[PDB]
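For reference, the structure is listed below as structure tokens.
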Amino acid sequence: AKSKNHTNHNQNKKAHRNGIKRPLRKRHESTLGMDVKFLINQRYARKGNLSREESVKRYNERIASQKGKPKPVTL
Amino acid sequence: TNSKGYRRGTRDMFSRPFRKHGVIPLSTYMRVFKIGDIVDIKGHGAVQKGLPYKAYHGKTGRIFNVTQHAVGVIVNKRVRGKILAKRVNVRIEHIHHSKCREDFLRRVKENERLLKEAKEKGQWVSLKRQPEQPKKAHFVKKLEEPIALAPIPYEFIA
Amino acid sequence: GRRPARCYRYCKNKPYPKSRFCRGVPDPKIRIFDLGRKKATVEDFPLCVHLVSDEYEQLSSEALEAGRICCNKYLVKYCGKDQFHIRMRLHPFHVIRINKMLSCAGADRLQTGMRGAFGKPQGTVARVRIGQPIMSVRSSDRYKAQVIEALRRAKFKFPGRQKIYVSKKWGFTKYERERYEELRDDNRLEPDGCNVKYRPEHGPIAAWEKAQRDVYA
Amino acid sequence: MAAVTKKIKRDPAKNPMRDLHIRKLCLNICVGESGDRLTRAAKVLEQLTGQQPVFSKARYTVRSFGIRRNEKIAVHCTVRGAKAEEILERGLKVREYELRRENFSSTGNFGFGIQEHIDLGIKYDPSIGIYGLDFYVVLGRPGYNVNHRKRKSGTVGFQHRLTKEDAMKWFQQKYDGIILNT
Amino acid sequence: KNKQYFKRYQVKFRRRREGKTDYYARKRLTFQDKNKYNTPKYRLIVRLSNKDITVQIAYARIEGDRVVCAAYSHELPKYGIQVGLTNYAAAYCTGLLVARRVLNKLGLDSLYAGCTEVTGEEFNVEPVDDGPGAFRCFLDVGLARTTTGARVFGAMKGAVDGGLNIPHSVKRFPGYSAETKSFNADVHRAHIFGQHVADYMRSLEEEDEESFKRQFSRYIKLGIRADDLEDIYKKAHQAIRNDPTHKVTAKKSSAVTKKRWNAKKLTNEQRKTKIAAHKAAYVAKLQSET
RNA sequence: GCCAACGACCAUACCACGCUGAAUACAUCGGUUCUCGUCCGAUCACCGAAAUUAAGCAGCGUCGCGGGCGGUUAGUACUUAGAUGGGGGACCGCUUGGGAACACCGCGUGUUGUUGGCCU
RNA sequence: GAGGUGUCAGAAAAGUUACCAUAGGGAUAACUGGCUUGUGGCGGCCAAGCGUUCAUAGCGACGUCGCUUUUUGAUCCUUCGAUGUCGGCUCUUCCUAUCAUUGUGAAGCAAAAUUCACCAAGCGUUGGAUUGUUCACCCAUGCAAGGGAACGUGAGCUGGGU
RNA sequence: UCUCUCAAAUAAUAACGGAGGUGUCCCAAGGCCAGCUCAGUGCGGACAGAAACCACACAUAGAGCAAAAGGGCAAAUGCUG
RNA sequence: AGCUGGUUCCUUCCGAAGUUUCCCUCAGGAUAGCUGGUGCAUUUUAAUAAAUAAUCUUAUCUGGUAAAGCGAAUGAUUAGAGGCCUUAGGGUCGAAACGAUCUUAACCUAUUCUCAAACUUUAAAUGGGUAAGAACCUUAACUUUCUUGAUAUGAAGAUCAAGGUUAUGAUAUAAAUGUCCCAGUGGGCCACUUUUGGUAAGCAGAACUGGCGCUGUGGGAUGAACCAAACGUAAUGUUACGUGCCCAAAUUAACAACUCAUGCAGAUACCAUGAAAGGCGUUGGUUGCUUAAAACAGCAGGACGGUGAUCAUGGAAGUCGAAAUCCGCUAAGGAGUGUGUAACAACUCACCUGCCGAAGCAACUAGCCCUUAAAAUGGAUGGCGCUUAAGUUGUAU
């Protein structure tokens, strides 16, 4: 009683009716498969940042007193 | 009933084409892959670890993970029927930077030059790309002699 | 004995070679594709006259046999055996398949109805294109009509309208009837077996020295 | 084949350091069975050079030659420098300095086959039973390193390259050997 | 053989045709962790050439490998070693040359002064606590022979003792008794200071004096006998620390001709005319022959 | 220019046959205490004293062998789209777009990154 | 973690029903019709040969193109809340691809006779033995005992085969 | 369940379509490294012939990697320690 | 009872699917997809863009089909020619020869013939991914018990400052989003194109797309599906398909050909059939001829001799057949195109002439017609009928 196995007939009509629908360029950035560590010190990054105009100004004042780093980039 | 395994029809997908034969030469790694860069996935079948499953060959994604010896590329792949997003961990031996992105970047720098040049010329900018319009009042001078010659044909000959 | 060739007249299917997958194919009924004084230097028989197919159809090995046999007999009988090179430029490397209706002894049980209808190999066919040359026949300029008459009678043995074209080409060599005279009345062509060797320039000095000396000697 | 060649006005073009040293003389005793006969065959090589012979296993089961795979059919020793010269000369006498023009390969190397190894020294010692010897002498050019070497592997030569003629000339010179055509 | 074979021959890379690089060792050595993005990995590459010991620190880039420091044993007559620039001793010195010259341009001189007393003891240089961690350099032997007692490794011991953090198990340094392991530390020292070179002198100076007349001359001509070799190599180690000479060239420079020398490639006008002249001569030979 | 080391791209770098290679040099190429590895100090380990650019390697030549690229071949082949176009059908003209391949011909026969040296 | 259900996303399971029963099914066989036409039957094309000679009077290889749908398969569209199997009896009309008869053209047709082909179905194409038999096989006569279509024809029979 | 093809060059893609295989095999045929160079051919080597072992030259994968088939590989993924 | 049958008023608006997966599943469900409804959040995609969604284009990737190839790997294969080599196996001249010379074979070389779905270096078209900016780019600097490094770099989070025009094109019927876990569907059918099995089928099965299913109307005479077109109700206007009449409509106030059909002359895609092969019917083409020293048809007239030259003798002087095949005489006549006496012989045609004194002859191409082409209740371009068409081709209103 040979039925019929497999037609992809009307599937592509079906899809465009209520759009196959692309999601989002999330400014609010999704994660998974980031090697756990980055995530740990990403958490710390956010926390330690506490806010900020004085914090940046004090460490700029450290960099001018120290100057600092001719060695790091070459190594 | 059907096809189904993973390597179905990949005789020519994973074929190293004549005179490109062997060990994947080191430049491939030397390219620094950075999160958010557009990457094209090209199946290299000599590097058998981190193989991009056959639907993903010439389907191109943006990088959302860099892991110790894999680059996790989000390819958006058309399902029947709701575009689900897949993070595929694939190696750099199969992952080549798309210079689709560079065309954009080249444009920013060029647009800024044209903007500056025009502003210093006072007026006018018009930096947006217009496709090839039906052109111009064309004068042909003989020079080098009038035209004419018509054509053809005796095209018999079996 | 093998249906009749309407069933295989048309190029319907993905061409089946005599392959390591087809193993079992009956021997092509065509053995000898070249009958003639094949051993004659190209300068002796300056004509070529062709039967060229004007149809996308398949000519059977069976048909090909008959057309060869016709061409041999007319040329040999009227105008003496060794005055012609008959080359049949169509080899039959495509396999005809027939699914015989195996019910034997009206006894059925397992038959095979359409289920599975796998064609077993029965026959060989040459696949033919518009302006594909069937026949090429070499002769000396006084034997034009006799060649043509032999070709006319070969046509009928084959399905679907073929026409005779007298090529402005010197024999089986590419060279239009001016061109081998330009070359062989200089120093430039030297003899190969039903063919001619080049006229090279490539390559280079060492080869050129010898060629020029051989003609002059 | 087609050159602006010259042979430029340098002066004479002799034959300097590349002169012809002997790579190895390798002796083999080929005995169709392993066991005791193979061990006895080993005694013949081992005493002659003093250097212990290494064995190599049967590639395959030929069966027509009644051998099975990895049977350890036969033993061989390679001999280089000083001891190579002495042993080669000794077996040369046994062969007669009359070789053949073929014995010679295009890599300019030459072989003998001899029966009675006892002719070159070795006491009859009847428990060991008389074994024939295969001689293959590979002639090289001093500093053969290039085509052998693991790092910086290069493919030999124009001139260098040992030919049949080069090897026959060397044979004709020292040993005064008659090339002798059958 | 045959026109035909040449066509389908997919002949090896370029350096596999020169047999210098197998490329398989090269994959493993270069191939960075991708999650270390733009970091220049640090390879110490040792090749033993039969009168240079050339040790270079190299990294890969997409344009080509970039070398930061290069030391040649032909630098060692500055530091007083005129002779045996093929040596074990000269390897340990060339390894110290790279190591120290690496620490000189890259400012790591005061910290990580590497094994100063050179007692040949099995030390990889320990990271200094609350200091940023010292240069991790990886051995590219390439196809260079993974051989116990090699100068390849004699260079590596000297590079470690030059302050560099080169991970190595101790087996491939010279003097290691295989049955058991069992690191003979005296033997290790002796290779550094060319004592073995000196032993080669001392024993045969009584007996077979053919070998002096040949090998280990220049040691006659400079009055440096056997016991004196030990001091030159110990005081070469001190002299290398003191000074990084760097080497400067003032030349200018002729790409063109001088003298012969690249035989200016025969214009198409020249080739064709010459080719015709050959065919012309061949016709002339046949006319004489007749 | 050359040479070295380290390389990228990956046969313009190969192959074949000659010729040539000065200098800092690779190489050719020697010695065998020691370490070390080999049946064999051929390789491999070490010592670097005597020779040599013939070879490797490099360059130079070659109407070569091969390899690249463009045209030519060819808008053809082939094909998307169209007709109440043709043909008995097999298939085929036209019309709107896109567009090969072998072949033949020409021209090239490694280029270049870092770092050091040599410079005819 | 393992032990397993292969109907392998996982029932625990033997026959027979012509003594049968039900709910359905033309999603499905048998059967009419339709498509197809390999297979069957009929007719050509070319023509190597047969035929004293002479390819085609009559024939015709190897090949090749059809037509018919009356062979048999292939199919399942229609029909399973039923379309009355096969033959034989009886009775109908037509069709030719014409065996006889008419009028004709061929002949290796001398006569006689038969064969081939044509216009032609107007008109014949039978009586029996056996078989249920179409078919078949035989006997006898007559110049001649051509072949098909409406699976004709079971509120016509018979119910013999199935 | 899987390979190649059908499958109309992304992918998806069926018929009792075509050529086949799977229920196991293996402490290496896993894992890693070092060394090596194979299919095949040419040329030498008593016993050795076409094929035995020995020796050199060539050789893009034509071999070998349990198995089906198709991919992949040459100082290996193969082979040998 | 998963089965069959039936299910009771209307209108309005929107409006399917026969597919996916799993299931003793396959006459059925669940499930996903398609469907409606209920709404919700925001409209520079909103009420008096520098934010997109998704289609072209552009830019940037992929691919092994069509084609091509085999003197490219793999897999098949044909032809000669030329050859080393003792690799020859025979022979001839040789006692024999790795002697000379033929002969034939493996290889080897350059050509050459022909092919692949389960071959492919090569390699399309048409396809399929991503991008075309304020959610962007660039400058500058903060966290890093990490990853990581002699870098509190990089990598992210990210703070701060710089920027002419927002950085292809049309559009948005507003779009996105959630709930119902909603029905209905899980039996498809047909056509262009592409295709597999099968000779094929109104056959079994895919790929893409549209219909039909759920779709009348106009048109194809007719008709589920083809064409044109998607239908609230009407007037008036104009189209597709047609236009002798039937049947709305020019037997055109246009036009040039072709065709005359005794048994489906012919008469609109799908389509209701027609070939292979023939035709001095007719019609237009192509190419080659004879020839003014008179040709081409057609008569008249020679068609012999060297010589039954001769072999087949069964009989052949020219002629069942043939090696062959040249002179002579010549204006020209084949050691012969046939008729055939079994032979001789008598006839024929070539060849050249008298007349013909200027036309014609052969081989091809393809239209319509004719032949091929015959079947069955009476019969079908749908009908009448149509023949300088109302046919067939092309063309104009």
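Protein chains in written order, with the UniProt record's numbering: chain A, 2 to 76; chain B, 2 to 159; chain C, 2 to 218; chain D, 1 to 182; chain E, 8 to 297. Yeah, the Cβ is synthetic: ideal placement off N, Cα and C, and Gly gets one too.
Item: Close-in-space but distant-in-sequence residues of the same chain around residue 138 of chain D (CB under 7 angstroms, 5 per side omitted); Value: 23, 24 and 109
Item: Minimum Cβ-Cβ distance from residue 213 of chain C to chain E less than 7 angstroms; Value: yes
Item: Sub-7 angstroms separation of residue 54 of chain C and residue 90 of chain C beta-carbons; Value: no
Item: Residue-chain proximity (residue 293 of chain E, chain C), Cβ-Cβ < 7 angstroms; Value: yes
Item: Residue range of the beta strand (DSSP E) that includes residue 76 of chain E; Value: 73-78
Item: Complete alpha helix (DSSP H) runs within the region 104-189 of chain C (minimum length 4 residues, chain order); Value: 145-156 and 180-185
Item: Unbroken stretches of the beta strand (DSSP E), 3 residues or longer, contained in the region 63-135 of chain E; Value: 73-78
Item: Proximal residues to residue 111 of chain E (C-beta, below 6 angstroms), its chain only, five neighbours per side dropped; Value: 251
Item: Coarse secondary structure for residue 31 of chain C, derived from DSSP in three states; Value: coil
Item: Environment of residue 11 of chain A [buried if 16+ CB atoms lie within 10 Å]; Value: exposed
Item: Runs of alpha helix (DSSP H) wholly within the region 155-194 of chain E (minimum 4 residues, chain order); Value: 159-167
Item: Simplified DSSP state of residue 136 of chain D, which is helix, strand or coil; Value: strand
Item: Whole-Å CB distance - residue 96 of chain E paired with residue 201 of chain E, under 8 angstroms assumed; Value: 4 angstroms
Item: The region 55-71 of chain D in contact with the region 26-34 of chain D per 3-pair CB rule at 8 angstroms; Value: yes
Item: Residue 7 of chain A: CB within 6 angstroms of a non-hydrogen atom of the ligand NAP; Value: The ligand NAP is not among the ligands present in this structure, which contains no ligands whatsoever.
Item: Beta-bridge partners of residue 68 of chain B, as assigned by DSSP; Value: B:71
Item: DSSP state of residue 46 of chain C mapped onto helix, strand, coil; Value: coil
Item: Beta-carbon contacts of residue 97 of chain C that lie in its chain and below 6 angstroms, excluding the five residues immediately before and after; Value: 9, 123, 124 and 126
Item: Closer than 7 angstroms to chain A by CB, residue 113 of chain E; Value: yes
Item: Unbroken beta strand (DSSP E) run spanning residue 53 of chain E, endpoints; Value: 50-56
Item: C-beta atoms of residue 102 of chain B and residue 39 of chain B nearer than 7 angstroms; Value: yes
Item: Among D:94, D:106, D:74 and D:83, nearest to residue 160 of chain D - alpha-carbon criterion; Value: D:106
Item: Alpha-carbon to alpha-carbon, residue 285 of chain E and residue 71 of chain C; Value: 54 angstroms
Item: Residue-chain proximity (residue 153 of chain D, chain E), Cβ-Cβ < 7 angstroms; Value: yes
Item: Residue range of the alpha helix (DSSP H) that includes residue 166 of chain D; Value: 164-173
Item: Selection of the region 126-157 of chain D by Cβ proximity to chain E, strictly under 7 angstroms; Value: 150, 151, 152, 153 and 154
Item: Counted within 10 angstroms of its Cβ, other Cβ atoms place residue 17 of chain E as buried (16 or more) or exposed; Value: exposed
Item: Residue 152 of chain D beta carbon less than 7 angstroms from that of residue 292 of chain E; Value: no
Item: Distance, residue 5 of chain D Cα to residue 265 of chain E Cα; Value: 21 angstroms
Item: Cα-Cα separation, residue 126 of chain D to residue 55 of chain E; Value: 53 angstroms
Item: Exposure of residue 147 of chain E, with buried meaning 16 or more beta-carbon neighbours within 10 Å; Value: buried
Item: Reduced DSSP category for residue 56 of chain D - H, G, I as helix; E, B as strand; rest coil; Value: strand
Item: Straight-line Cα distance separating residue 193 of chain E from residue 127 of chain E; Value: 7 angstroms
Item: Per-residue DSSP class, three states only, for residue 36 of chain D; Value: helix
Item: Beta-carbon neighbours of residue 75 of chain A, restricted to chain E and to distances below 9 angstroms; Value: 75, 112, 113 and 114
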